[PDB]
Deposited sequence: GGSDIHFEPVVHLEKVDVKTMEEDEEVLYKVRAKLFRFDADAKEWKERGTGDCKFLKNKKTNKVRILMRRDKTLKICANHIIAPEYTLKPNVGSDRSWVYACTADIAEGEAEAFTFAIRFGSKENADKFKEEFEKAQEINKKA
């Protein structure tokens, strides 16, 4: 009787809810880029860690770049739960481009933990 996403090759090191901003220098203004889960993904072949963040509901990528060891998280003047850092190659919108990002979290605790994991990931990309 006969019967009738290009990221599953990686490992989730860290996951946290966050809101991502990009700095529009021309207008001197922070513009929101997306809100959702921010993930640290470790490629099982190269062991290189990246940030991958998607918008809720639409699941469109609003951040995709290597956590380079050259990057440095800075505090924003008006927040105790955010980090500011320059990115030299983000491919969320397509072609590799440089941005000045800011990422905010639910609390200072989640922010400090993020920085911990962020620097952990930097050490891994340092090999």
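Colleague: Any chance you could give me the deposited-sequence numbering of all the stretches lacking C-alphas?
Modeller: Gaps in the modelled chain, taken against the deposited sequence, lie at 1-6, 11-19, 143.
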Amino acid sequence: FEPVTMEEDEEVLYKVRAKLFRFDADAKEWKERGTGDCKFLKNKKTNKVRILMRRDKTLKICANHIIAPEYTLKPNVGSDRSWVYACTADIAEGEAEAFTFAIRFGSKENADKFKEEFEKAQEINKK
From here on, numbers count along this sequence of modelled residues.
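Colleague: Specify whether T5 falls into a modelling gap in a third or more of the other PDB entries of this protein.
Modeller: Yes: coordinates for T5 absent from at least a third of the compared entries.
Colleague: Report the stretch with the higher mean CA temperature factor, choosing between 87-95 and 56-64 on the basis of the entry.
Modeller: Higher mean C-alpha B-factor: 87-95.
Colleague: Which one of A27, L41, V77, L73 shows the biggest C-alpha B-factor in the PDB entry?
Modeller: Answer, based on the entry's C-alpha B-factors: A27.
Colleague: Among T35, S82, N47, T100, single out the one with the highest C-alpha B factor in the record, please.
Modeller: Answer for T35, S82, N47, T100: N47, with the highest C-alpha B-factor.
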